[PDB]
Amino acid sequence: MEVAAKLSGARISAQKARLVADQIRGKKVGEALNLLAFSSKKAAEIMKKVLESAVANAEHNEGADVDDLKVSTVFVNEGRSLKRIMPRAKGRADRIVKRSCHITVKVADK
Amino acid sequence: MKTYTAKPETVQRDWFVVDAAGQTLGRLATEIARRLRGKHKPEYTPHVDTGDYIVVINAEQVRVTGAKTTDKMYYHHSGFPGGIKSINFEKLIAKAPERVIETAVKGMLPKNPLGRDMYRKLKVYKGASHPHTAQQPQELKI
Amino acid sequence: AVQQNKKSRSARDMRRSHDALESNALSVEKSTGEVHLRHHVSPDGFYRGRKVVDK
Amino acid sequence: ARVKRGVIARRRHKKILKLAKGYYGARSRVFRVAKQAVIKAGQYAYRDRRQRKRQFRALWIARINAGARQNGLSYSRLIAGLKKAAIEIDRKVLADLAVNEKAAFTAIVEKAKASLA
Amino acid sequence: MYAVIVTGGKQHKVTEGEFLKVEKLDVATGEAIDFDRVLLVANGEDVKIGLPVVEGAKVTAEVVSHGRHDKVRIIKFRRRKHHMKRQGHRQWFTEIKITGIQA
RNA sequence: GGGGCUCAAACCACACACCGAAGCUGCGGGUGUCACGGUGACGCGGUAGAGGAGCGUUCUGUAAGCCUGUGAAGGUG
RNA sequence: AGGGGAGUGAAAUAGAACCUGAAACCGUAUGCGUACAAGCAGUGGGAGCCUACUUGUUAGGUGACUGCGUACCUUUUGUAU
Ligand SMILES: [Mg+2]
Ligand SMILES: [Mg+2]
Ligand SMILES: [Mg+2]
Ligand SMILES: [Mg+2]
Ligand SMILES: [Mg+2]
Ligand SMILES: [Mg+2]
Ligand SMILES: [Mg+2]
Ligand SMILES: [Mg+2]
Ligand SMILES: [Mg+2]
Ligand SMILES: [Mg+2]
Ligand SMILES: [Mg+2]
Ligand SMILES: [Mg+2]
Ligand SMILES: [Mg+2]
Ligand SMILES: [Mg+2]
Ligand SMILES: [Mg+2]
Ligand SMILES: [Mg+2]
Ligand SMILES: [Mg+2]
Ligand SMILES: [Mg+2]
Ligand SMILES: [Mg+2]
Ligand SMILES: [Mg+2]
Ligand SMILES: [Mg+2]
Ligand SMILES: [Mg+2]
Ligand SMILES: [Mg+2]
Ligand SMILES: [Mg+2]
Ligand SMILES: [Mg+2]
Ligand SMILES: [Mg+2]
Ligand SMILES: [Mg+2]
Ligand SMILES: [Mg+2]
Ligand SMILES: [Mg+2]
Ligand SMILES: [Mg+2]
Ligand SMILES: [Mg+2]
Ligand SMILES: [Mg+2]
Ligand SMILES: [Mg+2]
Ligand SMILES: [Mg+2]
Ligand SMILES: [Mg+2]
Ligand SMILES: [Mg+2]
Ligand SMILES: [Mg+2]
Ligand SMILES: [Mg+2]
Ligand SMILES: [Mg+2]
Ligand SMILES: [Mg+2]
């Protein structure tokens with residue numbers, strides 16, 4: 001089966017988002033939703049909607065059952081970043097990078 | 001036609017027993033280190049352990065010549081400033097008789113992981129008996 | 001003070017071998033069947049089999 | 001006639017980085033470090049073709065010594081007795097018989113010993 | 001049933017029905033060749049140690065093919081002296097099959 | 001250099017053997033010069049530097065040719 | 001916001017930041033190695049394991065253990081410096 005759901009340009013750093021990605025890798029979608037619902041991380045709130053969107057795609061486009069699915073693949077890739085200017089002391093100027101990421105979640109009933 | 005090489009899963013190891021009962025320390029240790037390495041077998045290869053098992057029974061009766069019984073010193077450092085410590089041959093024989101033979105053999109072996117495996121096959125005891133009767137060692141002269 | 005050499009890929013990944021996250025203790029309220037944090041009031045408003053705040 | 005360097009330069013870096021396959025860290029994936037690593041690897045290879053001939057003769061001689069002393073003779077006396085009688089067999093073949101054809105090795109040592117050397 | 005023969009400046013311990021690579025010979029493919037420089041012949045437990053060579057023994061072989069070994073690369077580099085040189089090499093060999101050993 | 005070494009594994013004499021280099025020999029290849037008409041003999045470490053011979057890139061002629069959607073250039077094995 | 005289908009198209013991994021899309025750099029998956037071991041990280045020797053198939057004098061991937069081994073350029077009488 002192995003149906004997917006992607007979120008492009010999520011406004012969070014990839015290194016921050018990968019801490020939550022490997023907390024749900026390989027788990028059943030039933031207990032993966034409980035972990036994300038009660039986590040204190042911001043990336044867990046973002047990644048929860050990608051996981052529920054994948055489940056909805058499974059039920060509608062493929063006629064699956066939520067009790068049968070499990071998180072088969074999850075990864076976080078880097079996106080494009082905004083560049084800003086930070087004034088420092090004595091006329092010095094710094095460059096600020098605001099990073100983003102792509103999140104892909106796949107659920108499979110096998 | 002390539003040169004034969006010994007495989008660690010096929011080597012044949014044997015047990016011998018050596019008695020230090022008036023033996024020169026350094027001349028006894030050169031034969032032990034030769035057996036521990038495998039130089040006495042045609043199947044010797046530099047990178048596998050093809051040695052034998054050596055048991056030494058009368059460790060405390062090993063002998064030295066000249067005036068080395070009092071003038072031979074063993075030094076070690078503890079890692080702290082001023083932590084140099086020394087002991088001579090008489091006090092070490094009374095305190096730890098086996099450490100004399102082990103120290104002499106260890107310095108005649110390669111200093112690498114393979115050379116520490118050859119050292120693991122040397123058993124030194126201070127009495128007249130050993131606990132390795134199940135392995136059935138056999139006599140070895142010098 | 002700053003590095004005289006830049007860290008390798010392996011060197012900075014061994015430092016991050018302690019950055020993993022732990023899970024929370026979750027319980028199921030048998031009266032309702034709802035998942036909540038252990039020793040906490042459920043999002044509905046139940047604790048130990050009683051209504052406390054009722055939204 | 002303006003000439004661009006893009007195609008030729010890329011085709012030349014990829015040749016070096018293919019030889020640096022299996023090296024550690026930047027030695028296999030950046031050209032500046034990998035170029036130095038490939039040159040040093042070739043330098044070692046030229047030198048170690050000389051040393052392979054030395055390392056194997058030192059291994060044949062060590063095995064012949066071990067197998068001659070089992071028959072009651074040292075290496076330096078066995079070589080003197082082989083020259084004395086007539087035998088001109090290699091050390092590579094002699095070390096092969098010591099490990100595999102142990103009965104044939106004994107007959108050679110006994111033949112060399114009959115030359116009283 | 002093996003033998004020791006000298007060819008190409010080297011010595012090879014040779015058994016019957018064996019393929020081995022030797023230095024290049026000036027013999028056409030498929031032609032029979034023999035080695036009268038035989039040093040040792042051992043038939044079972046009977047060994048004939050060859051004073052110079054074993055008298056009467058000969059090893060019969062036939063040429064299988066010709067070819068070149070894998071390329072080795074020579075580099076000559078002198079650091080901070082502005083010198084470098086490269087070279088390639090493939091060595092010729094002749095593959096022979098050992099038909100029969102006559103002691 | 002270390003282990004360790006005392007009728008030595010030290011020193012002084014003599015003797016025979018062996019190990020030991022990219023030195024020499026053996027076998028197989030490549031090149032420079034000279035001589036003879038492919039063979040001989042005698043070379044082939046190298047910075048500054050001198051001399052000789054080549055590879056590859058873009059454009060012009062050959063080319064109103066030849067190749068190419070039954071797949072060009074480019075990229076990756 | 002972003003996606004999963006469905007449709008247009010010869011081709012959407014040609015979807016508008018849209019021809020091709022390399023390198024640095026960052027990930028997921030599989031195979032092998034790595035927690036008693038000292039140093040320019042290679043090279044010579046070399047077991048074991050995995051894959052493929054011509055079922056072992058073969059090919060490909062790893063490299064336990066071991067001999068040797070102090071980057072490159074410049075400037076200098078002379079540099080691991
Ligand atoms: Mg200001
Ligand atoms: Mg930064
Ligand atoms: Mg060493
Ligand atoms: Mg640093
Ligand atoms: Mg510095
Ligand atoms: Mg560390
Ligand atoms: Mg951390
Ligand atoms: Mg490797
Ligand atoms: Mg790469
Ligand atoms: Mg000699
Ligand atoms: Mg040599
Ligand atoms: Mg020479
Ligand atoms: Mg020649
Ligand atoms: Mg020259
Ligand atoms: Mg020369
Ligand atoms: Mg095509
Ligand atoms: Mg062009
Ligand atoms: Mg269509
Ligand atoms: Mg494409
Ligand atoms: Mg396209
Ligand atoms: Mg782009
Ligand atoms: Mg176009
Ligand atoms: Mg594109
Ligand atoms: Mg890339
Ligand atoms: Mg990683
Ligand atoms: Mg992995
Ligand atoms: Mg230890
Ligand atoms: Mg270990
Ligand atoms: Mg270290
Ligand atoms: Mg050390
Ligand atoms: Mg190898
Ligand atoms: Mg292989
Ligand atoms: Mg290695
Ligand atoms: Mg090594
Ligand atoms: Mg070294
Ligand atoms: Mg200066
Ligand atoms: Mg100066
Ligand atoms: Mg430096
Ligand atoms: Mg120097
Ligand atoms: Mg420096």
# chains A, B, ... in the order shown; residues from 1 in each chain; ligands from 1

$ residues_around --residues "residue 53 (chain E)" --least-positions-apart "5" --cutoff "12 Å" --atoms "only C-alpha atoms (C1' of nucleotides)" --output "list in words"
residues 86, 87, 88 and 89 of chain D; 3, 4, 5, 6, 35, 36, 37, 38, 39, 40, 41, 48, 58 and 103 of chain E

$ residues_around --residues "region 14-31 of chain D" --least-positions-apart "4" --cutoff "12 Å" --atoms "only C-alpha atoms (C1' of nucleotides)" --output "PyMOL selection string"
(chain C and resi 6-11) or (chain D and resi 7-10+35-42) or (chain E and resi 73) or (chain F and resi 76-77) or (chain G and resi 22-25+40-42+61-63+71)

$ closest_residue --among "D:93, D:64, D:117, D:112" --to "chain E" --atoms "only C-alpha atoms"
D:93

$ atom_distance --atom1 "CA of residue 65 (chain D)" --atom2 "CA of residue 79 (chain D)"
10.1 Å

$ atom_distance --atom1 "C1' of residue 51 (chain G)" --atom2 "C1' of residue 30 (chain G)"
11.2 Å

$ atom_distance --atom1 "CA of residue 41 (chain A)" --atom2 "CA of residue 17 (chain A)"
9.1 Å

$ residues_around --residues "region 43-55 of chain C" --least-positions-apart "3" --cutoff "10 Å" --atoms "only C-alpha atoms (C1' of nucleotides)" --output "PyMOL selection string"
chain C and resi 29-32+34-40

$ interface_residues --of "chain F" --to "chain E" --cutoff "10 Å" --atoms "only C-alpha atoms (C1' of nucleotides)" --output "MDAnalysis selection string"
chainID F and resid 26:30 46:47

$ residues_around --residues "residue 34 (chain B)" --least-positions-apart "4" --cutoff "12 Å" --atoms "only C-alpha atoms (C1' of nucleotides)" --output "ChimeraX atom specification"
/B:27-30,38-41,44,49-54,105-106,108-110,118-119,122,142 /D:66

$ residues_near_ligand --ligand "ligand 37" --cutoff "10 Å" --atoms "only C-alpha atoms (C1' of nucleotides) and all ligand atoms" --output "list in words"
residues 75, 76, 77 and 78 of chain G

$ interface_residues --of "chain B" --to "chain E" --cutoff "12 Å" --atoms "only C-alpha atoms" --output "VMD selection string"
chain B and resid 1 to 3

$ residues_around --residues "residue 98 (chain D)" --least-positions-apart "4" --cutoff "6 Å" --atoms "only C-alpha atoms (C1' of nucleotides)" --output "PyMOL selection string"
chain D and resi 67+102+105

$ write_last_selection --atoms "N, CA, C and O atoms" --output "PDB file, in the first residue's frame"
ATOM      1  N   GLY D  67      60.927 -25.704  10.344  1.00  0.00           N
ATOM      2  CA  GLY D  67      60.845 -27.083   9.899  1.00  0.00           C
ATOM      3  C   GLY D  67      62.168 -27.812   9.857  1.00  0.00           C
ATOM      4  O   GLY D  67      62.182 -29.045   9.894  1.00  0.00           O
ATOM      5  N   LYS D 102      55.347 -32.745   4.217  1.00  0.00           N
ATOM      6  CA  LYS D 102      56.305 -32.843   5.313  1.00  0.00           C
ATOM      7  C   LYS D 102      57.249 -34.026   5.149  1.00  0.00           C
ATOM      8  O   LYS D 102      58.389 -33.974   5.623  1.00  0.00           O
ATOM      9  N   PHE D 105      59.980 -32.946   2.678  1.00  0.00           N
ATOM     10  CA  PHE D 105      60.911 -32.011   3.299  1.00  0.00           C
ATOM     11  C   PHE D 105      61.955 -32.742   4.131  1.00  0.00           C
ATOM     12  O   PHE D 105      63.122 -32.340   4.163  1.00  0.00           O
TER      13      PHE D 105
END

$ closest_atom_pairs --of "chain A" --to "chain G" --cutoff "8 Å" --atoms "only C-alpha atoms (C1' of nucleotides)" --output "CSV"
residue,atom,partner,partner_atom,distance
A:4,CA,G:4,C1',7.6
A:5,CA,G:3,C1',6.0
A:6,CA,G:3,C1',5.6
A:7,CA,G:2,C1',5.1
A:8,CA,G:2,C1',5.9
A:54,CA,G:4,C1',7.8
A:57,CA,G:4,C1',5.5
A:61,CA,G:5,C1',6.2
A:74,CA,G:28,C1',7.8
A:75,CA,G:28,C1',6.2
A:76,CA,G:27,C1',7.0
A:77,CA,G:27,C1',6.3
A:78,CA,G:26,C1',7.0

$ select_by_dssp --residues "chain C" --states "strand (DSSP E)" --output "list in words"
residues 26, 27, 28, 29, 34, 35, 36 and 37 of chain C

$ write_last_selection --atoms "C-alpha atoms" --output "PDB file, in the first residue's frame"
ATOM      1  CA  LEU C  26      -0.023   8.082  29.537  1.00  0.00           C
ATOM      2  CA  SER C  27      -3.053   6.404  31.091  1.00  0.00           C
ATOM      3  CA  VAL C  28      -6.537   5.374  29.980  1.00  0.00           C
ATOM      4  CA  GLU C  29      -9.477   6.551  32.087  1.00  0.00           C
ATOM      5  CA  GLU C  34      -9.872   8.466  27.187  1.00  0.00           C
ATOM      6  CA  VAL C  35      -6.091   8.792  26.988  1.00  0.00           C
ATOM      7  CA  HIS C  36      -4.574  11.346  29.362  1.00  0.00           C
ATOM      8  CA  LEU C  37      -1.312  12.184  31.079  1.00  0.00           C
TER       9      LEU C  37
END

$ residues_near_ligand --ligand "ligand 38" --cutoff "9 Å" --atoms "only C-alpha atoms (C1' of nucleotides) and all ligand atoms" --output "ChimeraX atom specification"
/G:71-72,79-81

$ interface_residues --of "chain E" --to "chain D" --cutoff "6 Å" --atoms "only C-alpha atoms" --output "list in words"
residues 51, 52 and 75 of chain E

$ residues_near_ligand --ligand "ligand 33" --cutoff "10 Å" --atoms "only C-alpha atoms (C1' of nucleotides) and all ligand atoms" --output "ChimeraX atom specification"
/G:42-46,63-66

$ select_by_dssp --residues "chain C" --states "helix (DSSP H, G or I)" --output "JSON, numbers by chain"
{"C": [9, 10, 11, 12, 13, 14, 15, 16, 17, 18]}
